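Enquirer: Sharing a structure, written as structure tokens. Questions coming.
So basically every Cβ, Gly included, is an ideal-geometry build from the backbone, and we count neighbours across all protein chains shown. Basis: the model, the stated rules and, where named, an outside source; these are not laboratory values.
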There are 2 protein chains.
Amino acid sequence: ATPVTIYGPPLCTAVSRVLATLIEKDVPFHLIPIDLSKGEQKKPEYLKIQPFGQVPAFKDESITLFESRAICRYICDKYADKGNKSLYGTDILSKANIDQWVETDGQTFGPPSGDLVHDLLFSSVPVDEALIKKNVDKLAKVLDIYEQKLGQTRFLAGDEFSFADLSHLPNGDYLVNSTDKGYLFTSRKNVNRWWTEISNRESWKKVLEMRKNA
Amino acid sequence: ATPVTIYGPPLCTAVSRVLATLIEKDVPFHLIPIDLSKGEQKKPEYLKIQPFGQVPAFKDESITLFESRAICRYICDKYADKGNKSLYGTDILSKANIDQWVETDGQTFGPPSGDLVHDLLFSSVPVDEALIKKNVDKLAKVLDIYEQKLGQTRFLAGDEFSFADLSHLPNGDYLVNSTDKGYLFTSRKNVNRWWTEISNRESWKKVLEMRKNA
Ligand SMILES: *SC[C@H](NC(=O)CC[C@H](N)C(=O)O)C(=O)NCC(=O)O
Ligand SMILES: *SC[C@H](NC(=O)CC[C@H](N)C(=O)O)C(=O)NCC(=O)O
């Protein structure tokens, strides 16, 4: 197989999402750097690839894709028979059952957690501590619902790790390990169990190792 | 087959997304009301169906699902042979090509446009004109990119209507028809062409009618 091409730095949450997915699916890849600190993602040449001037972007022999969850769904389809076969289900029901919790990442967990990560770690503008308080409360109410769900099932969608869990890793990791908001996860028993299990998965450990080696 | 069951009011954008998809896919359904003006979505029996206390929810003979886009992917999957057969593509590549624009709805267009609709039409608290402007500016930037894309293809993902276009209808229609931010769409000639084209589909007209008879 020819390695697929991924654009962007591993430190980027949306890039990490794709990388963890590739590793779970045993898909070889080649990572092309895009230096966000130098604004390289806004260069006309890159905009030909990702028209919104964001990373990641994905290329293989057949298609160019953007939006990390779309990239991941394609990887899971194309390589269904490979690696972790059950990551995004094995049939129409199991896929949909996982998918609703992927959408919960995208629409519910993702916005407050992502804004927290951005405002605390990746913004050059002074932290509006009111806006922080708003999003912490937002995220706490979400995790209170996760707490009940995770008292019924080991992972969000059922008994096995799925792409719905994987998709929480990038924002979760920055909050737990690079901000003082980790207690939102670790003070909730079932959420803490879940977070501890998913963050210690070998694929995610491999992504963290990639960040370490630049 | 048996009709599927959908929960919530058609005035809800996320419910509207599901309804338009059901109609495109020629799927029979029962719509069960949930009055948001009276807190019905928070009653314990409904929380058993939708753990976030939001609408829509979906049930058929095999599964209960929430999150409108997951509900719609399931419908397109289960009823692929029915109705509009190409709505979410017909193989792995055409599906992924559409899906990236569906994610653009979910992560890029959706948040600022949805926030505008909320702050302008469905919020008790006085509008913060600075936050209004922040989101107008975000959405302008997104639609500048749409304008370029829609000068190359008739719809977002190509020359045929897809779920990616469908998913924009709920927030688009509120902005265009119930706010003074419609110029965002109508001032851009290709976006305006596209908007007119998708919002005049019978499926969308039917959803707007259901609203009236609600
Ligand atoms: S992580 C760096 C930023 N990327 C994204 O936010 C990608 C978001 C998409 N919704 C996705 O693929 O999931 C980024 O590119 N920031 C630079 C910028 O100029 O925005
Ligand atoms: S449209 C009314 C509200 N629902 C949603 O926002 C659903 C969003 C999901 N991400 C989706 O299914 O797409 C709603 O239910 N408001 C009531 C409330 O108490 O929040």
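Enquirer: Cβ-Cβ under 9 Å, sequence separation 6+ or interchain: first residue in region B:91-107 and assigned by CATH to the domain that holds B:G158, partner within 13 Å of ligand 2 (Cβ to nearest atom) and of a type in the set (D, E). Which pairs?
Expert: B:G106/A:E103
Enquirer: Of (1) in a helix (DSSP H, G or I); (2) out of contact with any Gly (no Cβ under 6 Å at 6 or more places or on another chain); (3) closer than 16 Å to A:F163 by Cα, A:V15 satisfies all except one. Which?
Expert: (2)
Enquirer: From the list B:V127, B:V136, which one is outside the structural domain of B:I23 (by CATH), more than 30 Å from A:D99 (Cβ to Cβ) and outside any helix (DSSP H, G or I)?
Expert: Residue meeting the stated conditions: B:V127.
Enquirer: Considering only region B:157-174, state which residues are surrounded by fewer than 24 Cβ atoms within 10 Å (Cβ to Cβ) and either aromatic (F, W, Y) or in contact with a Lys or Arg (Cβ under 8 Å, 6 or more places away or on another chain) (or both).
Expert: Within region B:157-174, B:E160, B:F161, B:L169, B:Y174 meet the criteria.
Enquirer: Could you please give the count of residues in region B:39-61 that are near ligand 2 (Cβ under 10 Å from one of its atoms) and loosely packed, with under 15 Cβ neighbours inside 10 Å?
Expert: Here the count works out to 2.
Enquirer: Which ones in region A:194-214 are of a type in the set (D, E, K, R) and surrounded by 16 or more Cβ atoms within 10 Å (Cβ to Cβ)?
Expert: A:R201
Enquirer: Now for a separate question. Go through region B:33-67 and report how many residues are within 22 Å of B:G83 (Cβ to Cβ) and touching a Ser or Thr at 6+ places or on another chain (Cβ under 8 Å).
Expert: Residues that pass the stated criteria total 7.
Enquirer: Sticking with this one: Take the residues of region B:77-98 that are more than 10 Å from chain A (Cβ to nearest Cβ) and either within 16 Å of ligand 1 (Cβ to nearest atom) or crowded, with 21+ Cβ neighbours inside 10 Å (or both): which is farthest from the chain's Cα centre (by Cα)?
Expert: B:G89
Enquirer: I'm trying to understand the selection: among the residues of region B:99-131, which are within 11 Å of chain A (Cβ to nearest Cβ) and either of a type in the set (D, E, K, R) or farther than 17 Å from B:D165 by Cα (or both)?
Expert: Those that are within 11 Å of chain A (Cβ to nearest Cβ) and either of a type in the set (D, E, K, R) or farther than 17 Å from B:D165 by Cα (or both): B:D99, B:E103, B:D105, B:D115, B:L131.
Enquirer: Of everything in region A:139-162, what is in a helix (DSSP H, G or I) and either of a type outside the set (K, R) or over 22 Å from B:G53 (Cβ atoms) (or both)? Give them in sequence order.
Expert: Once the filter is applied, which keeps residues that are in a helix (DSSP H, G or I) and either of a type outside the set (K, R) or over 22 Å from B:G53 (Cβ atoms) (or both), region A:139-162 yields A:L139, A:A140, A:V142, A:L143, A:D144, A:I145, A:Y146, A:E147, A:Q148.
Enquirer: Could you tell me whether A:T2 is of a type in the set (S, T, Y), in contact (Cβ under 8 Å) with a residue 40 or more places away in the chain and more than 16 Å from A:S68 (Cα to Cα)?
Expert: yes
Enquirer: Against the conditions (1) of a type in the set (S, T, N, Q); (2) within 19 Å of the chain's Cα centre (by Cα); (3) under 29 Å from A:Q148 (Cα atoms); (4) within 11 Å of another protein chain (Cβ to nearest Cβ), where does B:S16 fall short? Just the number, please.
Expert: (4)
Enquirer: Select from region B:163-192 the residues that are outside any helix (DSSP H, G or I) and closer than 16 Å to B:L208 by Cα and list them in ascending order.
Expert: B:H168
Enquirer: A follow-up question, please. Quick check: anything in region B:29-38 more than 15 Å from ligand 2 (Cβ to nearest atom) and in contact with a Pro (Cβ under 7 Å, 6 or more places away or on another chain)?
Expert: Within region B:29-38, one or more residues are more than 15 Å from ligand 2 (Cβ to nearest atom) and in contact with a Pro (Cβ under 7 Å, 6 or more places away or on another chain).
Enquirer: Something else about it: Exactly one condition in (1) surrounded by 24 or more Cβ atoms within 10 Å (Cβ to Cβ); (2) without any contact (Cβ under 8 Å) to a residue 40 or more places away in the chain is not met by B:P112; state its number.
Expert: (1)
Enquirer: Could you tell me whether B:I71 is within 9 Å of chain A (Cβ to nearest Cβ) and within 17 Å of the chain's Cα centre (by Cα)?
Expert: Judged against the criteria, B:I71 is a match.
Enquirer: Please give the strands (runs of 3 or more DSSP E) falling wholly within region A:18-90 in which 2 or more residues are in contact with a helix residue (DSSP H, G or I) (Cβ under 7 Å, 6 or more places away or on another chain).
Expert: A:64-66
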